[PDB]
Ligand SMILES: Nc1ncnc2c1ncn2[C@@H]1O[C@@H]2CO[P@](=O)(S)O[C@@H]3[C@H](O)[C@@H](CO[P@](=O)(S)O[C@H]2[C@H]1O)O[C@H]3n1cnc2c(N)ncnc21
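Residue numbers (PDB author numbering): 16 to 94, 102 to 160, 169 to 198, 203 to 268, 309 to 635, 642 to 869, 958 to 1301, 1306 to 1455, 1462 to 1514.
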């Protein structure tokens, strides 16, 4: 080995000794160190044995021949040089290990081998090096090497194909367990779903099944066993030891991958330095440059692959951790004791299964960086120290200064997040009031007053939004300025400290790239530490939960079908609490009806709990015989259909089910319910009354067909007749359970004489049990008891911002881009200056221009960021105003017809998406896009002839981005949807655990929780593999960019300078992260901007007639006398109102009578123009209503509706939202409304803060407040809608409103009789038109 023929030569040939020693020791050596380790995996992991195939044999036969050929060399050598003996024998022996290895891999079930692939690849490269040397040298021993190389190449090609699957069916399988090594490395096996997801929108059944190891049925038992072993071995069992003993061995493979990734990441800058030296070192061979470029490419590709495999390992381990923790928590919760369960909140345990398990899932990613981040940083620092000197300390002095500052920013906006949120809550509250009370507002035309309050709350919100906006600007400013800041600081210090310090390309750009690989190892440290602390508290929470005690099954001697036996048994609800049932003894024979009798808190329900092993048995002997059906006091209802509630996971028997349903008198309940017995009962579905829930619980118990029934007050909530019917057909001796041992807890005497045995107790003690007649004859405790009683959406958003602001932001951001680019170009020009008299010709003016360029970059970064901040706030204001106007201008038919509920999330969730997320997303997406464009242009500018690589790589990027965004924003939705049922099922199980355990159906519910967690994992796993697929494709694109940039710089290093090549390579190295985040941000934008599209709704939705016409406005006293005339009125709704020709004279009391379905109420809607007249000419006095603007008439006519709607705020704002009427008028109207006494009583006087809907006020008061509103209006036309205070409101409407014309729609004839001229409506027609005297 000497440098003349290997390094400094036109023809670089490895020396003969090097060829025969190191190039042969490398591959043979690889298999020798891996062989032992590989038995661990081959042994621990097995999948059967693969059959005898031609491929496997072909590989084995070539392994035999290859060994022979290599030993044939030893034979010829035997037929001087020491290397001609040991090397052939070593190669033959490692070859014999290779063929044995494919043999054992067949035995252990391996379709494709990564070892048997990397090993052949390394051997091939070594053979290639010797091959080239041997063909450049030119029979005797050469031909043996050619045969060896050809066989090795064919072996390598064979090793790529995947063998047949073993005899270990698998519908919709996961191709991970069947794909070959190359597909697993490149993650190609998911591209199928990627293309298919782009064409056919994914559903829950298209998702692949889970591999056997990820199923909860294979990860929960191992954790359960390990935790049991630790618990039985122990003081204070530790969950962390269990965790790292159970899933640690699979996790430790991440360590190697992380170390290799770190080393390969650092290998980049070293090769960059070598290339910068090469371009500066003219008169050097081109072979060195091409070797350096190939080294860069191979290192980058290998680092990408290893890192992405590391990512997959960590995510799979986290998924297993989550699944196992979920399963163990479920089983523990099903086992733990009531005493230990009551202390912890139910919501606490649900949080235990949600937030702590999710934190454990996410922790697996940032746990290796506990050592990767420091070492990286340290190593990077050392390299930087090797490069420049102590001055670099000042260069990083600001990076470490950004870690706290940025943190301080985030925490700050969190407080802002708390402020904004608070105001938003108020806003939505107010909006909710308007949404459920839009009827009253339109009637009084108070819409604009409420719009003003909404705008005031919006101003309050936008103040905090403006402050957060200004804070966000500097956060972006620092992020973009960091690179320039570190470069300028370190370079200025380096130049100023000593004039002999020469700034070369290697001394500027290598340290510049080391700064880029320093940003990440340092900025993630706070996140890592915070996640570790949260995971530690989660470990504490899980450990204390999993160490809880449990109920004792031994307490009850459950025996297969003297039925219930208790002797001298005392039970507790806790270990230290006193007994609740002291010294209980009783024997219940088979098929006997026993009633527990006592007062409240006696211990009746405790007896049934004790028979189910729910109480803590401190002493005694209980021998319940046969299956037990428990009807609890608090009915537990599953959210499944009523049929499956009664069935309870049991085979449906139509005759038995139909005998059970009516015997519980559940037939009326089935009839009222919409779908019958298929209705979704429970908290989530249709709510049921308590009696119905008790009925369903009893029906479930009766269907379960147990021999022993424990009925803890099944008839508490059912009525007396229903209860007697139930007892007759179910519990009584002539019911369904005639031969069943029934034990009932009751406090009702009605069925007591029919009971075979009455167990009467007092204070948890057996007190003279016996039969009813005998107990009555004894006249003791029982007698005492008885005696007790789409590109256009982007343009729309730009218009909402305004064209000027958007254009200015784009221009300033382009200015930032050009400033950064010219900063880089200035650095390149600066690094190329010659050295005269031992110092650069120019070094102060270059620093000044560098500083000026960077300061300009910083000011424009802070500027355009502030622009979009103001723009975003402007757009939020304009969009909210437009949406509010469209909503309030729409007719009532819109509110009635629209799904009531889709407006609320539009005002709350989508508006929140607009004002906060959209500006941040547009900022970071635009930044990433122009970072990519800047990398491309600085590559193309420095090397003009590099435009041939842009088209293919752009096509690859476009295809990958299209497929990923389309197929990932759907997988995320699938996973989100699937997550909720797990926590819902845990809530159901937690709520019904006593019933679950009593029926002994805990195994079925354990299996059910298996399915839901597996379903969630089936959608979560493709998402992370999708991220990996993005990752590999985009890093391949970036590595191709790096390779082509370096290649095109090396091919023309002469017409180029060192600094230009350095800058090109540094930016090409950076471009990969920018590309990845550009795709991720584009996906974010695509699913985010649609909010604006759904906020631009109701833009054309038919609106009401204009509120103010102002061309045909009425006079101030429009209702001069109040002469109403319905001239052929017809109201569309086919026609509810038809042929209405009536005349109500001014100041004449008129009422409207009719049955349900008539046009009584619709007639009022005619007066106020709620629905446009299909055919009609209603005219008040001498003016048509349809011509008048809505507000005008709605202000000149008043209505007292069915249910008065009192809005949140003061009483004065309820009476006069506009505050138009003076305080004296309000006081007079309130006094005239029989409310002066009450209104003077509130401490806040007229400013009494009434809650949502006036909950604090009574219904009578709210009605009188509505009457006060009508009285304060002082209008000549008033309408009344009648449904205790009726006497008061009727007298008040008869007191002073006699001057005004009053229409009255009352469902009661008593009040209408007083009003003359009654109009009767049969089906919209005027049945009778005359006074009540003419009516009778
Ligand atoms: N191997 C690696 N080496 C270098 N860095 C790596 C990395 N892997 C991950 N990153 C991260 O990718 C981003 C790289 O920077 P960019 O891609 S140039 O821009 C960021 C990014 O686009 C997104 C968030 O990406 P992010 O996860 S937060 O963090 C950084 C970086 O830490 O928004 C931008 N961004 C970040 N902060 C701000 C801000 N205050 N104002 C405006 N835009 C901001």
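Built from N, CA and C at the ideal position, the CB exists for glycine as well.
- Distances taken from the Cβ of residue 476 to the heavy atoms of ligand 1 include none shorter than 7 Å.
- For residue 597, the CB falls within less than 7 Å of some heavy atom of ligand 1.
- For residue 1466, the enclosing alpha helix (DSSP H) has its first and last residue at 1464 to 1471.
- Taking the CA atoms as reference points, residue 470 sits about 56 Å from residue 524.
- Residue 593 has its CB nearer than 7 Å to a heavy atom of ligand 1.
- Here residue 1051 carries a helix assignment [DSSP, helix/strand/coil].
- Assigned with DSSP and collapsed to three states, residue 624 falls in strand.
- Rounded to whole angstroms, the separation of the alpha carbons of residue 373 and residue 1207 is 9 Å.
- Short note on residue 1206: C-beta not closer than 7 Å to any heavy atom of ligand 1.
- Counting only residues of its own chain and dropping the five nearest sequence neighbours on each side, residue 1220 has a CB closer than 8 Å to the CB of 1111 and 1113.
- In the three-state scheme derived from DSSP, where H, G and I count as helix and E and B as strand, residue 1406 is classed as coil.
- Ligand 1 approaches residue 1095 closely enough that one of its heavy atoms is under 7 Å from the residue's Cβ.
- Contact check for residue 119 against residue 46 passes: the beta carbons are separated by less than 8 Å.
- Residue 553 has its CB nearer than 7 Å to a heavy atom of ligand 1.
- Relative to ligand 1, residue 1099 has its C-beta within less than 7 Å of a heavy atom.
- For residue 174, the CB stays at least 7 Å from every heavy atom of ligand 1.
- A direct Cα-to-Cα measurement between residue 664 and residue 680 gives close to 18 Å.
- Taking the Cα positions, residue 593 is about 11 Å away from residue 599.
- In this structure the segment 1463 to 1480 lies against the segment 1431 to 1445, because at least three pairs of beta carbons, one per stretch, are closer than 8 Å.
- In this chain, residue 648 is not harboured by any alpha helix (DSSP H); it is covered by the beta strand (DSSP E) spanning 644 to 652.
- For residue 667, the enclosing beta strand (DSSP E) covers residues 661 to 668.
- Fewer than three Cβ pairs drawn from the segment 1074 to 1092 and the segment 1306 to 1323 lie within less than 8 Å of each other, which leaves the two stretches out of contact.
- Taking C-beta separations shorter than 8 Å and ignoring five residues to either side along the sequence, the partners of residue 408 in its chain run 1157, 1161, 1164, 1165, 1170, 1173 and 1174, following chain order.
- The residue among 1346, 1491, 1455 and 1485 with its C-alpha nearest the C-alpha of residue 1472 is 1491.
- Per DSSP, reduced to three states, the secondary structure at residue 573 is coil, with no helix or strand assignment.
- Counting only residues of its own chain and dropping the five nearest sequence neighbours on each side, residue 1230 has a CB closer than 6 Å to the CB of 350, 579 and 583.
- Residue environment analysis places residue 24 among the exposed positions, since fewer than 16 neighbouring C-beta atoms fall within 10 angstroms of its C-beta.
- Inter-residue distance for residue 1363 and residue 777 is about 56 Å (C-alpha atoms, whole angstroms).
- Looking at the backbone, the Cα of residue 325 and that of residue 385 are separated by about 11 Å.
- Three or more beta-carbon pairs separated by less than 8 Å are not found between the segment 598 to 617 and the segment 1243 to 1260, which leaves the two stretches without contact.
- Annotation: the continuous beta strand (DSSP E) that includes residue 1345 extends over 1345 to 1347.
- Between residue 411 and residue 624, the gap from beta carbon to beta carbon is short of 8 Å.
- Distances from the CB of residue 549 to the heavy atoms of ligand 1 include at least one below 7 Å.
- Excluding five sequence positions before and after residue 1273, the CB atoms of its chain that fall closer than 6 Å to its own CB belong to 1362, given in chain order.
- Judged by their CB atoms, residue 675 and residue 855 are not nearer to each other than the 8 Å cut-off.
- Here residue 823 is bridged, per DSSP, to 674 and 790.
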